[PDB]
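Before any questions on how it binds or moves, here is one chain, the form solved without dimethylallyl diphosphate (DMA), in structure tokens.
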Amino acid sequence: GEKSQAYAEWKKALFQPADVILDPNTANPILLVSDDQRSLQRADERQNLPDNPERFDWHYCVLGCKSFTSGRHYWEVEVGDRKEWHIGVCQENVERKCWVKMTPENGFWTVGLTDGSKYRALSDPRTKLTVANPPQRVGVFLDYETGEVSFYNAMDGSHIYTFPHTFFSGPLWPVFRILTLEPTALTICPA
């Protein structure tokens, strides 16, 4: 398809493919990280984990294993028919233990889905998205220098959302959040 091909070529012209794996030491104790570190599920209740300082205690979040301090990066996430998910990037210095709202002001740039059909950007206030075809696979695109975080339907190349250009402070991490206990996992596409 021409739109698929143009999407493939744009990613190659401009963005380094990140090979993102989930860091289980950061995962909220209700999350399960797969042994291959590409997939995420949710437990029925908090499991017994050591509360190391990096772990998200409150928000159902996990980070990637590598951060970005510069340049243009993308990765793709198989959200499949999940009813609920949010993905994007967050600053190294985000609050991990106490509650904070997951907003750019607090160092989170994420978009996703609630209740099967409600797409939102987690701006403050939240941005209601209108998405013609529900994505099965989402591309996350970072340009550190221009402060750009944008999201695409990775199967048809359609744009989902771009946050206002911002100024990042410190390293950015891929972040993933699931609130629900449902059959479809969240899975990272390898580079």
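Heads up: residue numbers just count along the shown sequence, starting at 1.
Stretch comparison (146 to 154 versus 124 to 132) by mean CA B-factor in the PDB entry places 124 to 132 on top. Mean CA B-factor, 10 to 18 versus 168 to 176: the higher value falls on 10 to 18. The residue among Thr114, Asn106, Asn93, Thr110 whose C-alpha atom has the highest B-factor in the PDB entry is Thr114.
Among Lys97, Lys118, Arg72, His86, the highest C-alpha B-factor in the deposited entry belongs to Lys118. Sort the modelled residues of the chain by CA B factor and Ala27 lands in the lowest third. Split the chain's modelled residues into thirds by C-alpha temperature factor. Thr184 is in the middle one. Among all modelled residues in this chain, the alpha-carbon of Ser67 has a temperature factor (C-alpha) in the middle third. In the PDB entry, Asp81 places in the highest third of its chain by CA B-factor. In the deposited entry, the Cα temperature factor of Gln47 places it in the middle third of its chain's modelled residues.
There is also a form deposited with dimethylallyl diphosphate (DMA) bound; it is not shown, and the following applies to it.
In the deposited complex, no heavy atom of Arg72 sits within 4.5 Å of dimethylallyl diphosphate (DMA). At a distance threshold of 4.5 angstroms between non-hydrogen atoms, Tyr144 is out of contact with dimethylallyl diphosphate (DMA) in the deposited complex. In the deposited complex, dimethylallyl diphosphate (DMA) sits within 4.5 Å of a heavy atom of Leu122. Using a 4.5 angstroms threshold between heavy atoms, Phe68 stays clear of dimethylallyl diphosphate (DMA) in the deposited complex. In short, of 128 to 136, 33 to 41, 54 to 62, 157 to 165 it is 54 to 62 that has heavy atoms within 4.5 Å of dimethylallyl diphosphate (DMA) in the deposited complex.
If you take 175 to 191 and check each residue for a heavy atom within 4.5 Å of dimethylallyl diphosphate (DMA) in the deposited complex, you get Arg177, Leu179, in sequence order.
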